[PDB]
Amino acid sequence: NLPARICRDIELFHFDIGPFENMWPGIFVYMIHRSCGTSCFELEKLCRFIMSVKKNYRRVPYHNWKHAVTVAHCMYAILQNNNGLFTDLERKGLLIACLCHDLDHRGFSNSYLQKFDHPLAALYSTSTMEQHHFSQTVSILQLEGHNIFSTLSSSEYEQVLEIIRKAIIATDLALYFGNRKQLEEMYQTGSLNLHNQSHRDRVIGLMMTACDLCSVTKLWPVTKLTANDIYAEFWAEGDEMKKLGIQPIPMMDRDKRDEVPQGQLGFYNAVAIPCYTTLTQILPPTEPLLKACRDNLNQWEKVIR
C-alpha cells in the first residue's frame, strides 16, 4: 500500500521510482489500477505475471528491471495527462508493453549481436532484441496462471498483443528516426489524423521512444547518475567489439570518455529534443518532458564550459 509522498510525486513526469526494488511491483500495480481500473485484472494473476517479468530481466547496469518500471511510469504519466485519447485496451497494452519491452536483455545492442553472430540474429534479422523481447512476453503470458488477459475475448486478446508487439518493436531506436520524420511532416501539413490506425501506431511509437529515453527528462541529478549506467553498458560493449577485432564507435569506447559531454549534446540535438518537440506538438500536455529535456541540454552545455 502506497505511502503518501509517492501517491503525490508519481503524477510528476520527473518522478524517480527509488532504490527499493520490492516497492516497484506495487508502484506498477497502482499505475495500472489508476489507468485501467481495479476491475480489469485478477490481482493475484497480475502479481504473478509481474514477478515472472522481474525474474527474466537480468542484472545488467541499465537495461534492467528498474529501467522497465521507469519506462512504464513515463507512459503512465503521459496517459494520465491525456485523458480520453487512448482506449482502455491501449492503456493496458502500453503499460504492459513498457514493463516488458526489454525482457531478457544482455546489455548489448542489435548491432553487436549481429557482429558476434549470436543465434538471435539468425532467428530475428531485424530489430533483433525487440523481437526477442516480444517473444519473451508471449512465453510469460503462456505460463500456467500468468495470462493477465484471460477475461478478454480471443479478439481483444489478439488485439492487445498486437498493440504490445508494435509498441515493443518501436523501442528499436533505429525505427524512431523515420517515424519521427513522418510524424513531423504530418503535423506541419495538418495531415495527422488520430482516427487513422497507421497514424495512431506512429504516435504510439513515438510515445514508446519518449518513455524509453525518459532518463533525459528527469531532474539533473537523476539524469546525470542514470547516464553512468547507460555508459557502463556502452563501454562493456565497446570492450567486446575490441575483442572481436572491431574498432567500436566512440560512444562505446571507454578511451573516449572525456568526449561524453559533446556526445550528450549530439544526442540531445539529433534525438531527444526533436523527439519531445514532436510529442509536445501532438500531445501538448506532455510539454514538461520537453522542458526538462531542454534544462538537461543546458546542464550538459554547462559541463562543457
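From 1 onward, residues are counted along the sequence shown.
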request  = On mean C-alpha B-factor from the PDB entry, just flag whether 177-185 or 220-228 is the higher one.
outcome  = 177-185
note = Entry B factor averaged over C-alpha atoms, 160-168 against 85-93: higher for 85-93
message = Can you tell me which of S109, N193, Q131, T151 has the maximum CA B-factor listed in the PDB entry?
response = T151
Of the residues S39, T280, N64, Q264, the one carrying the largest Cα B-factor as recorded = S39
request  = Going by the recorded CA B-factors, say which third of the chain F116 sits in, lowest, middle or highest.
outcome  = middle
task = Divide the modelled residues of the chain into thirds by Cα B-factor and specify which third, lowest, middle or highest, holds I32.
result = highest
ask   = Among the chain's modelled residues, which third holds the C-alpha B-factor of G26?
value = highest
message = Using the temperature factors of the C-alpha atoms in this entry, rank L143 within its chain: lowest, middle or highest third.
response = highest
note = Sorting the chain's modelled residues by C-alpha B-factor and splitting them into thirds places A77 in the middle
